Amino acid sequence: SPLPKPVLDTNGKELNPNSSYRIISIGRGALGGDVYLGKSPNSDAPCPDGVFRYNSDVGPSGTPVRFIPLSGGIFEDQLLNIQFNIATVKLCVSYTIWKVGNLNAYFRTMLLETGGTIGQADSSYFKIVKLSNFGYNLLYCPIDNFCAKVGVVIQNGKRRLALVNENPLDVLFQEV
Amino acid sequence: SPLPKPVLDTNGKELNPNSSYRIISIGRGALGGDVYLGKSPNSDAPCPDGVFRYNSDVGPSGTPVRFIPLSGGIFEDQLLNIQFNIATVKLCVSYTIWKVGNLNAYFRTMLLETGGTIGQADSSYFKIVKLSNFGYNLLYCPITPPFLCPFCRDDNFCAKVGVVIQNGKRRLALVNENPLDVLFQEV
Ligand SMILES: *[C@@H]1O[C@H](CO)[C@@H](O)[C@H](O)[C@H]1NC(C)=O
């Protein structure tokens, strides 16, 4: 019985819902590459709708996000929505909001997408956990409580975030 | 346009339409204060609609913006729209986009607001220029006749963007003199 612990950014500050963070990797160079909003393949969607991370961190920085906790603050092991915190055209507002996709028969998993909703019964909820001595992991939780770890599959040469069983993605939160 | 000059951020790097910048003050201390999206008192907008700067740089950092040229890249003396680069609800998307308000007969000028459009005939276009030899200034540049604008004189009827004190807050606004001197810090 430990009690709720705050998530901390790379500066050691508690995550604030009114701030923006890049989700960066544990690794540097070739193992680096921040999370970003990109275009998927075989995607009907009118807007960018894939959640990816870069193939190395020697290039662009990630797309910032905010965390919308269901009730109150950003704490470990607590449900929240995640949304890329940038301006889009009216059409694409939905497509900043993280969502888990339909089970993809080739990968035999669900890939992370955008196009969901904030704070509803149909929304995709995630939690931030410390499964490790350094950094955090993201889990997807429907409706401990039957969650799934987020990691990466390789899709058209890109790092596509997806649900996995082993090697989840280790991340830190870098205030923007 | 004696060869076209890209606008540079605080690292000397050319500004890009797909990055975000904070608009920061140039002076530090009490002269400091980044641009932010704030709630206007005396506005019935359904979302915050005021372009302000903080009263010193000890407070929060500014609301990031992106620059959206009418055409092409980001260059000095070239028309662009400006938008605070943040997620909002659908009804509030407009209120990330910079525009010039109507004549405020009390301040005897127009206040900078959000509520605008991007890349249309009705959009509020601005330019990034170099008046003083350190940092940049913003101008508002009417693309139709500014019947209503007191300070739309300069050259092409462009007006200097500066600051007025509204409920003890620095509110951006068209000024006759003392333009706001700004640097762009990549987010
Ligand atoms: C910004 O926009 C260009 C437009 O083609 C795109 O290739 C790129 O992702 C971005 N980066 C740079 C450095 O231009």
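Throughout, protein chains are lettered first and strands after them, A, B, ... in sequence-line order, and every chain is numbered starting at 1. No hydrogens, no waters, no symmetry mates; every other heavy atom, side chains included, goes into these values.
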Any non-hydrogen side-chain atom of [X] less than 4.5 Å from a side-chain atom of [Y]?
| X | Y | value |
| --- | --- | --- |
| A/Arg108 | A/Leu103 | no |
| B/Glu14 | B/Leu8 | yes |
| B/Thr109 | B/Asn104 | no |
| A/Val93 | B/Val93 | yes |
| A/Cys141 | A/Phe146 | no |
| A/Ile74 | A/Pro6 | no |
| B/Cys158 | B/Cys152 | no |
| A/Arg66 | A/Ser19 | no |

Where is the tightest heavy-atom contact between [X] and [Y], given as atom of each residue plus distance?
| X | Y | result |
| --- | --- | --- |
| B/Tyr95 | B/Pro46 | OH-CD, 3.5 Å |
| A/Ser20 | A/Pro64 | CB-CB, 4.1 Å |
| B/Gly62 | B/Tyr36 | CA-CB, 4.5 Å |

Both conditions, 6.0 Å and 45 degrees, for the charged tip of B/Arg170 above the ring of B/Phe52: are they met here?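 No.
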Can a donor-acceptor pair be found, under 3.5 Å and without considering hydrogens, that links the side chain of [X] to the backbone of [Y]?
| X | Y | value |
| --- | --- | --- |
| A/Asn85 | A/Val65 | no |
| B/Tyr21 | B/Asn16 | yes |
| A/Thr114 | A/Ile97 | no |
| A/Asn137 | A/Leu169 | yes |
| B/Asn81 | B/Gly119 | yes |
| A/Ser124 | A/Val100 | yes |
| A/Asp9 | A/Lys13 | yes |

When the ring planes of B/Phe126 and B/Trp98 are compared, do they come out parallel, tilted or perpendicular, using 30° and 60° as the limits?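 Ring orientation, 0 to 90° scale: perpendicular.
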Whether the [X] and [Y] side chains hold a donor-acceptor pair (N or O, under 3.5 Å, no angle test) is what I'd like checked.
| X | Y | answer |
| --- | --- | --- |
| A/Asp122 | A/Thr117 | yes |
| A/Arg22 | A/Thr63 | no |
| B/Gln185 | B/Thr10 | no |

For the pair B/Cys92/B/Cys47, is the SG to SG distance below 2.5 Å?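 Their SG atoms fall under 2.5 Å; a disulfide, then.
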I would like to know whether A/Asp57 and A/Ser25 meet side-chain contact (heavy atoms from CB on, under 4.5 Å); could you show each step before the answer? CA-CA 9 Å; A/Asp57 72 356; A/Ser25 187; over 6 Å; no
Kindly determine whether A/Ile23 and A/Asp34 satisfy side-chain contact (heavy atoms from CB on, under 4.5 Å), including the steps that lead there. CA-CA 6 Å; A/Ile23 302 161; A/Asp34 296 358; over 6 Å; no
May I ask you to check whether over 12 heavy atoms, not counting those of [X], lie within 6.0 Å of atom [atom1]?
| X | atom1 | result |
| --- | --- | --- |
| B/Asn167 | CG | yes |
| A/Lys130 | NZ | yes |
| B/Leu91 | CG | no |
| A/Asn11 | CG | yes |
| B/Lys39 | NZ | no |
| A/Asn102 | CG | no |
| B/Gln120 | CD | yes |
| B/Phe75 | CZ | yes |

Rounded to the nearest 0.5 Å, how far does [atom2] of [Y] lie from [atom1] of [X]?
| X | Y | atom1 | atom2 | value |
| --- | --- | --- | --- | --- |
| A/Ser40 | A/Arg160 | OG | CZ | 3.5 Å |
| A/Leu138 | A/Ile82 | CG | CD1 | 5.0 Å |
| A/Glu175 | B/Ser61 | CD | OG | 7.5 Å |
| B/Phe157 | B/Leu139 | CZ | CG | 14.5 Å |
| B/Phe151 | B/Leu174 | CZ | CG | 8.5 Å |
| A/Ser132 | A/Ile26 | OG | CD1 | 7.0 Å |

Which is it for B/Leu80 and B/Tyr125 under the side-chain contact (heavy atoms from CB on, under 4.5 Å) test, yes or no, and what are the steps along the way? CA-CA 5 Å; B/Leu80 46 75; B/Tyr125 292 89; 5.9 Å; no
Assess the residue pair A/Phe134 and A/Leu172 against the criterion (side-chain contact (heavy atoms from CB on, under 4.5 Å)); give the C-alpha distance rounded to whole Å, side-chain angles, the decisive distance to 0.1 Å, and a yes or no. CA-CA 9 Å; A/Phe134 194 55; A/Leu172 301 160; 4.1 Å; yes
For B/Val164, the rest of its hydrophobic cluster, which grows through side-chain links under 4.5 angstrom: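 Other cluster members: B/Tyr106, B/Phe107, B/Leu111.
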Pairs touching residues 151-174 of chain A that satisfy ring pair (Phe, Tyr, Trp, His ring centres under 6.0 Å), sequence neighbours left out: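 Pairs touching residues 151-174 of chain A that pass the test: A/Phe67-A/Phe173, A/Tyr136-A/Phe173.
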Electrostatic pair A/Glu76:A/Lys127 at N-O distance under 4.0 angstrom: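 Salt bridge: no.
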Tell me, which pairs form a salt bridge (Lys or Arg N to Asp or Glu O under 4.0 Å) where one or both residues lie in residues 147-169 of chain B, sequence neighbours left out?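 Those involving residues 147-169 of chain B are B/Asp154-B/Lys160.
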